[PDB]
Structure formats: C-alpha cells, structure tokens
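First, one chain by itself in structure tokens, the form deposited in one PDB entry.
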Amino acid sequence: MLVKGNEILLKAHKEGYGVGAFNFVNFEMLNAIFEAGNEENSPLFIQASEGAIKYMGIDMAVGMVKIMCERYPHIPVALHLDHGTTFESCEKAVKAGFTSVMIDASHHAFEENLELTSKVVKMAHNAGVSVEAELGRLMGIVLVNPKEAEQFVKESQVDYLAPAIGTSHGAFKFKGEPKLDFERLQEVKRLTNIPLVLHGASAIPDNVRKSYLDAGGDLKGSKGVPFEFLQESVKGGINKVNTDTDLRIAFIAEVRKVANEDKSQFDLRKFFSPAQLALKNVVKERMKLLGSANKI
C-alpha cells in the first residue's frame, strides 16, 4: 500500500497529528520499522538519504520496501527521498518508484531555492509524486521567515515545507536550553496552510542513551528534542517528524552489547535480532507520542 507522500500528510494536516519519518539503510532497519507500524496501527513514512541509496542501491531500497508493502498491505506507506541535493537526484528517485522527494536547496538564496524547488515540483507532480523543500537552515538559536515561506510555498506549489525553527541533525542538537521558536512555527503554519516537516527531530530518550552507554558507547554532550517539544511542535502544525539518530543509537546499542557479552558470538542474527527489537520499540513509542498510532 505504497502511496503518495501527502495522502498520508494531508490527512495528518487536517486532523492535526504527526507522522514519524524513519530512515533506513538496510533490511534490519526496514523490517523493525514496518513491524512497529503494524503493531501501532500507524501510517509509515519510510525515508532514505542519498547516502543510504548509494549504499544499498536505489533498485534495492525501492525493491525491499515494495516487498514489505506486500507483507503488510494494509499500512499506508510513503517512500521518501531525504535531502535530495539536485534535480537529477530527485528525478532518479521519481523514476525508481519513490512517492515523495525532498529537494534541499536551503543553503541557496531564496530565489535559487525557489527556482530549483519549482523545477523539481513540476517533474515530480507530473509523475504523481509529492515534494518537500526547506527554508532557513538547520542550526539553532538561519531561522525561517514566515512571509517568504508564504511566498515560497505559493510560487513553487510545493506539497510540504521544512521550516527551520531551531533543530539540527545528529545527537548534539542543543548546547543551551532546548529552544524552538513555536511562534515562528505557528505563523508559517498559518500563512502557508500545508503540512510542515521537522528535521533533526530525534529525542535521544534516556533509556536509549542509557542502553548505548551501558554497552560501551560514548555520547557525552548529546541532546535531542524533548518529547514535550516534539508534542508542542505537532500542536504548532508539524506533520512530518524526521527521525534517524534515535534508531541508529538504539540499534548499535544492542550490537555493542552482544559483542561485549559474548566474544565467541558471530551469528549475525544474534546481533541484529535484539537490535531490531530495540529500534522497533523506539519507533512504536514515537508513533504514540506524535499521534500516529491507531490512525490506520
């Protein structure tokens, strides 16, 4: 039941909840994610970065997802290109069977951003594919400006938007007190009236961290978005919550553990079965937090 990106997000937009966008790089990640979705009766946004695609091959990434779809034909799934860097990248994704693409030109000046986003929107929409873009850039305090988002959105005709409001990617998001400009968020939601996307939205739960640190990992100074901020973000109108770091930490936590507690262990399944479980649990909890659960 692989479907357009904004079939899922239009629904999320009007009822006002969030849909986790979960990255994967292989079968283990993908399987855990679908099982979560199945267990929480939640829509799924599956996403792969350009790096992830390079690693597995686009034929395999789209191939694996379509096999998971047949297995759980009742879950609405969008397959989403995360941080597309160029038109040709978005275009390859579109030809391979992705149903959503993000074109990230938020490092460009407004006009170049708009110009490339609009080029992407047109071939995307022509093929039945939704598109994300970004305004402002991902560091905290830069921050998006509502009025140009209003304009940016109208001119490009883009399905969803990722306004920077103070998140950044990775395990170390805030050096100071968690700060996110919700007022900014609201103005943008208000002016644009489309699904909004929150990047760098991992939370870094205390159990996930503890699990990593117990296993020998090093996460000094790490700090994600608090569940509270994740919740408030959805009240603000965020409908897509990009989540990646949390999955990887939970996954590697168990790999590190198994490696530690048994030096004669080299059965791969022994390493990745607990890793899958831990990831799946991060995803199930996040689906409930954001309001995705039971939305099927």
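By rigid core we mean the largest C-alpha set that fits within 1.5 Å across both forms. Note that residue numbering begins at 1 and tracks the sequence as displayed. Residues that one form lacks are left out of the comparison.
K.L.:
Is it the case that, in at least a third of the other entries compared (those modelling both flanking residues), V142 has no coordinates?
P.N.:
Looking at the other entries that model residues on either side of it, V142 is missing from at least a third.
K.L.:
Can you say how many deposited residues have no coordinates in the span between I141 and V142, choosing none, 1 to 3, 4 to 9, or 10 or more?
P.N.:
Missing residues, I141 to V142: 10 or more.
K.L.:
Which is higher in the entry, the mean Cα B factor of 239-247 or that of 256-264?
P.N.:
Comparing 256-264 with 239-247, the higher mean C-alpha B-factor belongs to 256-264.
K.L.:
Between 207-215 and 72-80, name whichever shows the higher mean Cα B factor according to the PDB entry.
P.N.:
Stretch with the greater average CA B-factor: 207-215.
K.L.:
Can you tell me which of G97, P146, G200, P195 has the maximum CA B-factor listed in the PDB entry?
P.N.:
Highest CA B-factor of the listed options: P146.
K.L.:
Per the entry's Cα B factor values, which of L180, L161, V101, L116 stands out as the maximum?
P.N.:
Among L180, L161, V101, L116, the highest C-alpha B-factor in the entry belongs to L180.
K.L.:
For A127, does the deposited CA B-factor place it in the lowest, middle or highest third of the chain?
P.N.:
Its C-alpha B-factor belongs to the highest third of this chain's values.
K.L.:
Classify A293 as lowest, middle or highest third according to the C-alpha B-factor given in the PDB entry, relative to its own chain.
P.N.:
Its C-alpha B-factor, which the entry lists for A293, ranks in the lowest third among residues of this chain.
K.L.:
What third of the chain does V121 rank in for C-alpha temperature factor, lowest, middle or highest?
P.N.:
Ranked within chain, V121 CA B lands in the middle tercile.
K.L.:
Would the CA B-factor of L135 place it in the lowest, middle or highest third of its chain?
P.N.:
As the PDB entry reports it, the C-alpha B-factor of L135 lands in the middle third of its chain.
K.L.:
Considering every modelled residue of the chain and its Cα B-factor in the PDB entry, is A105 in the lowest, middle or highest third?
P.N.:
Middle third by C-alpha B-factor.
Below: the form deposited in another entry, not depicted.
K.L.:
Out of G170, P73, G128, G216, I need the residue that shifts by 2 angstroms or more at the Cα between the shown form and the other one, core superposed.
P.N.:
The only residue crossing the 2 Å threshold is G170.
K.L.:
Classify the change in Cα distance between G170 and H107 in the other form as closer or farther, relative to the shown form (magnitude of 3 Å or more).
P.N.:
Here the pair is farther apart than in the other form; there, closer.
K.L.:
Between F172 and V101, does the Cα distance in the other form come out closer or farther than in this form, changing by 3 Å or more?
P.N.:
They are closer; the C-alpha distance drops by 3 Å or more in the other form.
K.L.:
At 2 Å or more of Cα shift, core superposed, where are the runs of at least three residues that differ between the shown form and the other one?
P.N.:
Shifted segments: 168-178, 220-222.
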